[PDB]
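Working notes for the structure below.
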There are 2 protein chains.
Amino acid sequence: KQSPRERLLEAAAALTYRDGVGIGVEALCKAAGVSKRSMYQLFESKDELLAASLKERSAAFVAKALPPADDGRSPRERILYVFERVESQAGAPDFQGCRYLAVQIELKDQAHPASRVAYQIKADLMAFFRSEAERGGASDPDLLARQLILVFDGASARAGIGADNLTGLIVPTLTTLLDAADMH
Amino acid sequence: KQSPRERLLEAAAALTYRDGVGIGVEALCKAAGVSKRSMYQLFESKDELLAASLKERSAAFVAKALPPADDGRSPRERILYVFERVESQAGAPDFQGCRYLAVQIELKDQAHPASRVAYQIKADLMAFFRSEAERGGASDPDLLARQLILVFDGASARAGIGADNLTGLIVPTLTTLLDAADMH
């Protein structure tokens with residue numbers, strides 16, 4: 001009870017993240033249990049399949065990466081929540097970094113449709129940091145937002161490649177940046 | 001004048017950085033002007049070729065990315081130097097991020113010989129920060145080193161994919177981390 005279209009979207013999301021964006025049409029179709037013809041009937045190309053898979057699964061990612069809207073948390077607490085999640089995921093054996101940052105680095109083409117979806121998803125994360133920074137009174141909300149997303153990408157990248165498990169690193173870094181921004 | 005082996009190393013460095021680690025043997029050999037036979041007489045595999053290109057070219061990268069031996073600069077100044085270089089390259093048209101981080105993210109295999117070489121190169125950069133942190137009287141040099149390399153990676157990755165040009169972002173971020181470490 002899962003459509004060919006959903007099977008393709010799931011395999012694209014799973015395999016590109018675990019094995020890289022370069023996985024081929026044959027492997028993708030074999031994983032999904034559909035023919036090449038069926039893939040082309042549903043999508044313009046593998047590039048668009050990947051773009052759709054990132055786009056149509058991002059709402060559920062966002063709902064888990066960010067604290068809920070009605071949570072009673074202060075701006076600082078909400079920002080920390082986001083980072084606590086990264087640090088928790090850094091402990092998972094199958095963690096290979098930020099899905100979105102990885103796609104953009106691997107494709108090396110800002111005009112690629114999947115790269116554009118990934119770029120937008122990550123711009124929205126930055127907008128979240130910007131909104132919390134302003135709500136918490138940061139002296140320069142734009143600067144703090146750029147810092148937070150830089151640390152998010154740095155932390156995700158390094159944990160994803162096994163360079164740093166982030167233990168004892170995230171909280172002190174965020175505290176330092178938040179305090180420096182005069183965050184209530 | 002350039003030997004087939006050196007032509008291969010050069011093609012590997014240029015093509016993988018611009019087009020991704022997935023570029024094929026044919027493309028590599030065409031760019032190097034060498035035959036497949038020559039490539040395989042010289043290297044066991046394209047994986048080993050890439051590891052060799054990264055390793056043998058690193059000393060020249062290091063000579064440029066780091067301040068020189070006896071420059072009379074303070075610890076803080078030497079750390080700022082490293083990040084000034086990244087901000088400058090962030091403005092360069094062909095800039096695609098940190099070569100070493102990219103390899104590791106793209107391969108999704110920490111045991112891959114090129115990933116291992118890239119990891120070591122980046123551990124050496126972290127050792128540089130660690131040494132300057134300690135020489136600068138940092139409260140916790142390990143912590144600061146992990147922080148600096150995290151920011152290096154975040155800054156390089158975001159600049160590399162065109163998400164942030166780093167203008168007005170690096171100096172204040174560094175200043176904040178270095179002040180927080182009690183760097184004299």
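Every chain in the structure tokens takes a letter, A first, then B, and so on in the order presented; its residues are numbered from 1, and the ligands are numbered from 1 following the presented order.
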Determine which residues of chain A sit within 7 Å of chain B, taking into account only C-alpha atoms, and present them as a ChimeraX atom specification.
/A:19-20,102,104-106,108,110,143,150-151,153-155,161,169,176,180
Same residues, N, CA and C atoms, saved as an mmCIF file, in the first residue's frame:
```cif
data_model
loop_
_atom_site.group_PDB
_atom_site.id
_atom_site.type_symbol
_atom_site.label_atom_id
_atom_site.label_comp_id
_atom_site.auth_asym_id
_atom_site.auth_seq_id
_atom_site.Cartn_x
_atom_site.Cartn_y
_atom_site.Cartn_z
ATOM 1 N N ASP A 19 24.513 7.079 0.712
ATOM 2 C CA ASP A 19 25.516 6.730 -0.299
ATOM 3 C C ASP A 19 26.023 7.873 -1.199
ATOM 4 N N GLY A 20 25.334 8.997 -1.246
ATOM 5 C CA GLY A 20 25.786 10.139 -2.029
ATOM 6 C C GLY A 20 24.810 10.436 -3.137
ATOM 7 N N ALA A 102 24.810 18.667 2.850
ATOM 8 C CA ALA A 102 25.521 17.644 2.089
ATOM 9 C C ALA A 102 25.149 17.658 0.592
ATOM 10 N N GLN A 104 24.059 20.166 -1.250
ATOM 11 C CA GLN A 104 24.625 21.361 -1.868
ATOM 12 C C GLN A 104 26.134 21.187 -2.084
ATOM 13 N N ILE A 105 26.841 20.679 -1.088
ATOM 14 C CA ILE A 105 28.294 20.423 -1.259
ATOM 15 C C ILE A 105 28.592 19.369 -2.350
ATOM 16 N N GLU A 106 27.781 18.321 -2.394
ATOM 17 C CA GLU A 106 28.026 17.254 -3.323
ATOM 18 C C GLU A 106 27.666 17.644 -4.760
ATOM 19 N N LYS A 108 27.689 20.732 -6.191
ATOM 20 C CA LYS A 108 28.527 21.799 -6.730
ATOM 21 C C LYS A 108 27.858 22.578 -7.852
ATOM 22 N N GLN A 110 24.727 25.542 -7.724
ATOM 23 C CA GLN A 110 23.641 26.246 -7.042
ATOM 24 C C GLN A 110 22.340 26.296 -7.861
ATOM 25 N N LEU A 143 23.397 39.299 12.206
ATOM 26 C CA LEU A 143 24.717 38.763 12.477
ATOM 27 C C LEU A 143 24.594 37.481 13.283
ATOM 28 N N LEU A 150 26.006 29.176 10.700
ATOM 29 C CA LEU A 150 27.392 28.776 10.431
ATOM 30 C C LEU A 150 27.803 27.678 11.413
ATOM 31 N N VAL A 151 27.495 27.848 12.695
ATOM 32 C CA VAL A 151 27.837 26.843 13.713
ATOM 33 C C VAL A 151 27.035 25.567 13.509
ATOM 34 N N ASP A 153 26.057 24.402 10.612
ATOM 35 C CA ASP A 153 26.632 23.723 9.437
ATOM 36 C C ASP A 153 28.000 23.131 9.751
ATOM 37 N N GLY A 154 28.795 23.871 10.520
ATOM 38 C CA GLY A 154 30.084 23.415 10.986
ATOM 39 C C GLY A 154 29.933 22.175 11.859
ATOM 40 N N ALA A 155 28.979 22.216 12.792
ATOM 41 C CA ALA A 155 28.795 21.122 13.731
ATOM 42 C C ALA A 155 28.268 19.878 13.012
ATOM 43 N N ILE A 161 31.072 13.526 9.417
ATOM 44 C CA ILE A 161 32.260 12.870 8.855
ATOM 45 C C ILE A 161 33.116 12.206 9.933
ATOM 46 N N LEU A 169 31.039 20.649 23.378
ATOM 47 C CA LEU A 169 31.446 21.710 22.464
ATOM 48 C C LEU A 169 30.331 22.683 22.124
ATOM 49 N N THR A 176 28.467 31.289 24.507
ATOM 50 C CA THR A 176 29.390 32.363 24.192
ATOM 51 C C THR A 176 28.828 33.323 23.130
ATOM 52 N N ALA A 180 27.393 37.106 23.852
ATOM 53 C CA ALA A 180 28.010 38.174 23.101
ATOM 54 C C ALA A 180 26.966 39.041 22.360
#
```
What lies within 12 Å of residue 37 (chain B) using only C-alpha atoms, ignoring chain neighbours under 5 positions off, as a VMD selection string?
chain B and resid 4 to 5 25 to 26 29 42 to 45
For the residues in the current selection, export N, CA, C and O atoms as a tab-separated table (two decimals), in the first residue's frame.
```
chain	number	residue	atom	x	y	z
B	4	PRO	N	53.67	11.82	-16.49
B	4	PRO	CA	52.28	11.33	-16.49
B	4	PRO	C	51.68	11.27	-15.09
B	4	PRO	O	50.54	11.66	-14.90
B	5	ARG	N	52.46	10.82	-14.11
B	5	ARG	CA	51.99	10.73	-12.73
B	5	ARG	C	51.60	12.10	-12.20
B	5	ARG	O	50.52	12.26	-11.61
B	25	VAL	N	37.40	7.68	-14.49
B	25	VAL	CA	38.72	7.39	-15.02
B	25	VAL	C	38.93	8.01	-16.39
B	25	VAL	O	39.95	8.67	-16.61
B	26	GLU	N	37.98	7.82	-17.31
B	26	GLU	CA	38.12	8.41	-18.65
B	26	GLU	C	38.31	9.92	-18.58
B	26	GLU	O	39.20	10.45	-19.23
B	29	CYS	N	41.83	10.77	-17.13
B	29	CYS	CA	42.88	10.48	-18.10
B	29	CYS	C	42.87	11.44	-19.27
B	29	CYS	O	43.93	11.79	-19.78
B	42	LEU	N	50.70	3.22	-12.66
B	42	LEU	CA	51.08	4.13	-11.58
B	42	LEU	C	50.28	4.02	-10.28
B	42	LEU	O	50.83	4.30	-9.22
B	43	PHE	N	48.99	3.68	-10.37
B	43	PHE	CA	48.10	3.61	-9.22
B	43	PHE	C	47.26	2.36	-9.25
B	43	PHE	O	46.93	1.82	-10.32
B	44	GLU	N	46.94	1.86	-8.07
B	44	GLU	CA	46.13	0.68	-7.96
B	44	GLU	C	44.71	1.02	-8.42
B	44	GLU	O	44.07	0.22	-9.09
B	45	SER	N	44.25	2.22	-8.10
B	45	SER	CA	42.89	2.61	-8.40
B	45	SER	C	42.79	4.11	-8.41
B	45	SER	O	43.66	4.77	-7.91
```
Just want the 10 Å neighbourhood of residue 85 (chain B), counted on only C-alpha atoms, with same-chain residues fewer than 6 positions away dropped. Output as a PyMOL selection string.
chain B and resi 64-67
Next, the residues of the selection above should be written as a CSV table (one decimal), in the first residue's frame with C-alpha atoms.
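Full text of part-v7.csv as output:
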```
chain,number,residue,atom,x,y,z
B,64,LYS,CA,49.6,29.4,1.9
B,65,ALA,CA,46.7,28.7,4.4
B,66,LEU,CA,48.9,29.3,7.5
B,67,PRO,CA,51.1,32.3,8.5
```
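Here the question is which of B:48, B:70, B:77, B:84 gets nearest to residue 184 (chain B) using only C-alpha atoms, and that residue is B:77.
Closest approach to residue 135 (chain A) among A:28, A:95, A:78, A:121: A:78, based on only C-alpha atoms.
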